[PDB]
Amino acid sequence: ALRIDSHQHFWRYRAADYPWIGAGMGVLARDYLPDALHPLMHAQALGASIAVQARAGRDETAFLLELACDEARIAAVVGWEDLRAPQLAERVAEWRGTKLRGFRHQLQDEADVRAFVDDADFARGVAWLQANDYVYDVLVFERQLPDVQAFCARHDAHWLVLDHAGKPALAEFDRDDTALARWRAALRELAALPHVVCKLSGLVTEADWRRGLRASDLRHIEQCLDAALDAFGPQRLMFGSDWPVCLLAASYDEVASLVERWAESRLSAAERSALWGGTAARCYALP
Ligand SMILES: [Zn+2]
């Protein structure tokens, strides 16, 4: 049974190439390469990871597949391509036979997410992806969930992965007694689509990490894990670390531990096996 970290990044850091790494994020402002990741995975008995594009450009795809090309502990890559580009197929051919299993665009940084996903060219690209058994990772903020609802429903030919459980606004759970409710309604609406699955990752960094993770953040996170379980069911949940991004808020070990303690509480042995690699294996077509 594969044990998979379904969501991590790599980079040789250069400030202008990673606009999302800004002020107060100095911990991220350095290289993060497979060698730093292996001991972390080893400590959690995770045998392989999935490398996910951390910036927009084909060279990011090339870079990740280069790291992946001949490294057993990287099982798959989620790349980046211009999905609106008419030459999509030709471009993806360069990656034939490799561990490329899917694509992601950083939708959360789009100004009109809805206009972006409902675009005729982008839709063509995604439909082509699905026709070729490519996964598409959905990365949006909680408030953008309704903007991608219709998009997810129309692209039902292959698996869509909701990154970071759709980023609940955990920092607001105590100020805004509608934050949890709003996210849950949106989550449930997506989960009702059979071809959509859910990553349990990226939650420590939706809390107020700048001021520091508190015990109450861990409880809200558990609330989100429970909501995700209820909406998606135990067979559509996928552990990911979101390393190295998670280092803003918590260690790799802490990230894995809180999901583990939660899973031992709520899931059977078999369901845990799905959470810790089985679901990622089947959705990303892993050996
Ligand atoms: Zn190779």
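Definitions and limits used
- Residues numbered from 1 in each chain as written, not as in the entry; some residues may be left out.
- Heavy atoms only, no water.
- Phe/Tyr/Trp six-rings, centres within 6.5 Å; stacked < 30°, edge-to-face > 60°.
- Helix = DSSP H or I, 4+ residues; strand = E, 2+ residues; numbered from the N terminus.
- Buried < 20%, exposed > 50% of the residue type's maximum accessible area, 1.4 Å probe, protein only.
- Contact = heavy atoms within 4.5 Å.
- Axes fitted to C-alpha atoms, helices over the stretch in contact; angles between N-to-C directions.
- Parallel < 35°, antiparallel > 145°, perpendicular 65-115°, else oblique.
- Left-handed = near helix turned anticlockwise from the far one by under 90°.

Method of determination for the deposited model, per the PDB record: X-ray crystallography, at 2.1500 Å resolution.

A. Up close: the packing of aromatic side chains. For the structure shown, the criterion picks out 13 aromatic pairs. Geometrically, the ring pair formed by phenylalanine 10 and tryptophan 243 is edge-to-face, given 6.2 Å between the ring centres and 75° between the ring planes. Of this pair, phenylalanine 10 sits in the loop between β1 (4-8) and α1 (34-43) while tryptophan 243 sits in the loop between β8 (237-239) and α9 (252-266), placing them 233 residues apart in sequence. Accessibility classification places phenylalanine 10 together with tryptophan 243 in one group, the buried group. With a centroid separation of 6.2 Å and an interplanar angle of 80°, the aromatic rings of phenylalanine 122 and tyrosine 136 are classed as edge-to-face. Placement of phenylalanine 122 in helix α5 (residues 120-131) and of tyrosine 136 in strand β5 (residues 135-138) is noted, with a sequence separation of 14 residues between them. In this structure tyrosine 136 comes out as buried when scored by relative accessible area, which is 1%.

B. Local environment of the environment of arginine 236. You can see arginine 236 is positioned in the loop between α8 (215-232) and β8. Given a relative accessible area of 14%, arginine 236 falls into the buried group. Sequence spacing of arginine 236 and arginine 12 is 224 residues, and the spatial spacing of their C-alpha atoms is 32 Å. Setting aside residues no more than four positions away along its own chain, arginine 236 makes contact with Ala191, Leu193, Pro194, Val196, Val197, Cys198, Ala231, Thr279 and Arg282.

C. Examining the side chain of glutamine 149 more closely. With respect to the element layout, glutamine 149 can be found in helix α6 (residues 145-154). Judged by its relative accessible area of 13%, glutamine 149 falls in the buried class. Contact partners of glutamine 149, with chain neighbours within four places excluded, come to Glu189, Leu190 and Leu193.

D. Spatial organisation of the packing of α9 against helix α10 (residues 269-283). Following both chains from N to C, one finds α9 and α10 inclined at 155°, their axes separated by 9 Å at the closest point. Here α10 runs roughly antiparallel to α9, going by the angle between their axes. Crossing angle aside, the handedness with which α9 passes α10 is right-handed. Between α9 and α10, the contacting residues are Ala256, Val259, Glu260, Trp262, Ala263, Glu264 and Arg266 on the first element and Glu271, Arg272, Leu275 and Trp276 on the second.

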